[PDB]
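# Tertiary structure, described
Here's the letter readout for the chains.
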Amino acid sequence: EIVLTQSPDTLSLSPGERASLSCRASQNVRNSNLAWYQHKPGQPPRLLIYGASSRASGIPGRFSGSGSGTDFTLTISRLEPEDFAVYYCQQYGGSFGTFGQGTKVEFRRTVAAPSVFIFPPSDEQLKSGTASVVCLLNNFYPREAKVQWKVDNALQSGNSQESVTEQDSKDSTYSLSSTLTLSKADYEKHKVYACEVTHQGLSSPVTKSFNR
Amino acid sequence: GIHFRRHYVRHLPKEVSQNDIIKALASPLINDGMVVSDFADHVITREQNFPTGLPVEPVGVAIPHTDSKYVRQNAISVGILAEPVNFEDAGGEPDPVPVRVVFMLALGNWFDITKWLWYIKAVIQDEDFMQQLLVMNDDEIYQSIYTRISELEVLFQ
Amino acid sequence: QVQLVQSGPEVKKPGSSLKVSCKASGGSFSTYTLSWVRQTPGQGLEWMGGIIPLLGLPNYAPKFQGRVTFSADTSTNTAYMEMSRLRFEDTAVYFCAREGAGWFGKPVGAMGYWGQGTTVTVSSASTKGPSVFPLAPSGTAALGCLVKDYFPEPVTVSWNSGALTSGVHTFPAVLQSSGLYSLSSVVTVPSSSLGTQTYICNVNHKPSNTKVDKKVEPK
């Protein structure tokens, strides 16, 4: 089996810069049978380059491919808003084809701190017997942010779920929503509910709480 | 890299069944060690399930093959038939196809197969070349096929 | 041009059998390979295998050899993928891709043309309508509405019948331990604008035929 690993995992660049994506194989790729694909959120993967360096029909001059044997590279000389997506390399030299893990290229901007809001359980939701608290992080960059749930000075683990928005096209920021689920019984017992946000843009940990 | 030699090209006698055509064309590949010892049995079982005959226009074409696991070295064996031999149409068709020329393809890689179907479509489309295949002798058809695949290879790149 | 059209979204029970179709409207794919690529949630592309339509010769990746079966019909220009004994792990988006063609139709080997993808969901859950809860606000103020306990995907959220569009964020749904999806949608709006206007989040869940317009206002 031919295994492909791509580096780096995420490439943070600004339009106009030069992008370099690396794809490495455990064994020599037969006849340089490699392909580079571009995958954007909500669209089918688009073939960019086939073989070692051959360019697919309709791909602009920016995209170029290089490499042979076990080492291969994808190079974008000039970056533009359309080029920001996830990129996969696929080999078809072996008996069965395999894909790489993929590399995400994203818009790079000045580091911005999240605006943190906390929403307590609504009255209608409390009538149902289940309480969910929502911690909202808005317009933060970079994407990596940690949210920690504390309830009456107690660390919460294994009872929360979070999701992240795709990078905004206008300002290149991210938003995160974290939901803490508890039964109505457990919610009545405690008083203080808070989420702690740690981020590169925040000098000190930011904590938003409510009492009920 | 496919191996094409004069030994693979041959003319077949008349009144010969499709089974015998398969075993006869596979015999040089088995002797050279290009395929497995019972490569002909897997080819004919593949041939009964999936017809490989193609109609074209001047003459008929056959593309017998099998799974890549049985092939050891990539090879191609060409057979010329003195009288038309019945072969079922590839893709499914009730009417039979009178196949004059047979192309046995032994390929060890699945991804290479489509390229060799494209080479075969290119050579068999030439109406005059297909009909000249019959009159030319074994050495003449070998050199023409070798020259054309070599020409087609430099056009592929 | 040549295009590949796949089947609609499918939700199936564990242990069921799945069949997906992919028709090539443009041209005959008989000469070129037809491959199938799946993508599980939050993961990357995965090569399942392919079929050579004219020859009928399939190739299966070792991970999918047992439960997957490929086939293709050359008279209707349609390929099929069958999968028996569906599992929770089989939840993914399934793509079909025809082999690319170079100049004068030379097969490049890569997958040049792709279908729009078929979403396949495997779950023991049943179609359930969502419960919409409000996120009341407390300059810039944040308010939204929580869409909880629905199945299956997807749900659409709008604000003020589409009038509100700047600063709206609708987050991806998360699958819960029960097996029901949960989604959240919020917006940032001036704090002084709260008193003048009422913001209604329009929630539509077509599988259960559920429309819910919820006004959100201070506590």
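Residues numbered from 1 in each chain as written, not as in the entry; some residues may be left out. Chains lettered and ligands numbered in written order. Heavy atoms only, no water.

As annotated in the PDB entry, chain B is VRC42 epitope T117-F scaffold from Human immunodeficiency virus 1.

The name the PDB entry assigns to chain A is Antibody VRC42.01 Fab light chain, from the organism Homo sapiens.

### What about the overall build of chain A?
Note the following rule: A run of H or I in DSSP counts as a helix once it spans at least four residues, and a run of E counts as a strand once it spans at least two, with each numbered from the N terminus. Here the radius of gyration uses the C-alpha set of atoms, whereas the globule reference equals 2.2 Å times the residue count to the power 0.38. Burial classes: relative accessible area under 20% of the type maximum marks a residue as buried, over 50% as exposed, and values in between as partly exposed (1.4 Å probe, protein chains only). By definition, residues are in contact when any of their heavy atoms lie within 4.5 Å. Where accessible areas are quoted, they stem from the Shrake-Rupley method and a 1.4 Å probe; at the residue level, only the protein chains shown are allowed to cover.
Helix and strand counts for chain A come out as two helices and 18 strands. A globule of 212 residues ought to have a C-alpha radius of gyration of about 17 Å, yet chain A, at 23 Å, is considerably larger. Principal axes of the C-alpha set define a box for chain A whose edges measure 65 × 40 × 30 Å. Per-residue burial over chain A gives 50% buried out of 212 residues. Long-range pairs, those at least 24 residues apart, make up 58% of the contacts in chain A with a sequence separation of at least 6. Summed over all atoms, the accessible surface of chain A reaches about 9700 Å², with 44% contributed by carbon and sulfur.

### Describing the pairing of strand 5 (residues 46-50) of chain A
In regular strands, side chains alternate between the two faces of the sheet. All names here are of chain A. For clarity, the cut-off: Paired strands, as defined in this entry, are two strands with at least two bridges between them according to DSSP.
The buried fraction of strand 5 is high, at four of five residues. The pairing of strand 4 (residues 34-39) with strand 5 spans four bridges and is antiparallel. Each residue of the ladder has a partner; that of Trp36, found in strand 5, is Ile49. Following strand 4, the chain reverses through six residues before pairing antiparallel with strand 5; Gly42 in that reversal takes a positive phi of roughly 90°. Linking strand 5 back to strand 6 (residues 54-55) in an antiparallel pair, the connection comprises three residues, with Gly51 at a positive phi of about 65°.

### Quick look at the packing of aromatic side chains
Heads up, the condition is: Between rings of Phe, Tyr and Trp, where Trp is taken as its six-membered ring, a pair exists when centres lie within 6.5 Å; planes separated by under 30 degrees are stacked, by over 60 edge-to-face, and by other angles tilted.
Tallied over the full model, the rule gives 21 aromatic pairs over all chains. A ring pair is formed by A:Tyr92 and B:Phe111, whose centres lie 6.2 Å apart and whose planes are at 50°; its orientation type is tilted. Separated into two different chains, A:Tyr92 in the loop between strand 9 (86-91) and strand 10 (98-99) and B:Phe111 in the loop between strand 5 (97-106) and helix 3 (113-125) make up a pair that spans both. Looking at B:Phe111, the relative accessible area reads 11%, which means it is buried. Between B:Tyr142 and B:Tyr146, the ring centres sit 6.0 Å apart and the planes meet at 40°, which makes this aromatic pair tilted. On the criterion of helical spacing, the pair formed by B:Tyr142 and B:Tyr146 is a turn pair, its members being four residues apart in helix 5 (residues 138-156). The exposure class of B:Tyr142 is buried, given its relative accessible area of 9%. Within the aromatic cluster, the residues linked to one another by ring pairs are A:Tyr37, A:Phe99, C:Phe95 and C:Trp114.

### Concerning the sheet that holds strand 1 (residues 10-12) of chain B
Strands belonging to one sheet form pairs held by backbone hydrogen bonds; the direction of such a pair is parallel or antiparallel. All names here are of chain B. What counts, and what does not: Only the contacting stretch of a helix is used when fitting its axis, a line to C-alpha atoms as for every element, and angles between N-to-C directions run 0 to 180 degrees.
If you trace the five strands from one edge of the open sheet to the other, you get 1-4-5-3-2, paired in mixed fashion. Pairing within the sheet leaves two strands with one partner each, and these edge strands are strand 1 and strand 2 (53-54). Docked against the sheet, helix 3 engages strand 3 (61-62) and strand 5, running at close to 145° with respect to strand 5.

### Topic: the state of the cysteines
All names here are of chain C. Short version of the rule: For this text, the term disulfide refers to a pair of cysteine sulfurs within 2.5 Å.
In this structure the tally under the stated criterion is four disulfides over all chains. The disulfide partner of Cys22 is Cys96, and the gap between their sulfur atoms is 2.0 Å. Linking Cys22 and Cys96, the disulfide has an S-S dihedral of approximately 75° and is accordingly described as right-handed. One end of the pair, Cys22, is in strand 3 (residues 18-24); the other, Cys96, is in strand 9 (residues 92-101), with 74 residues separating them in the sequence. When its relative accessible area of 1% is taken as the criterion, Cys22 is described as buried. By relative accessible area, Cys96 is classed as buried at 0%. The connectivity of the disulfides in chain A is 1-2, 3-4, where the numbers refer to bonded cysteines in sequence order.

### Let's talk about the sheet that holds strand 3 of chain C
All names here are of chain C. The strand order across the open sheet built from four strands is 1-3-8-7, with neighbouring strands paired in antiparallel fashion. A single partner strand is all that each edge strand has here, and the edge strands are strand 1 (4-6) and strand 7 (68-73). Put simply, the sheet's adjacent strands are angled 20° from each other on average, direction ignored. Note that strand 1 and strand 3 share three bridges and pair antiparallel. From the neighbouring strand, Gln6 faces strand 3, where its bridge partner is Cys22.

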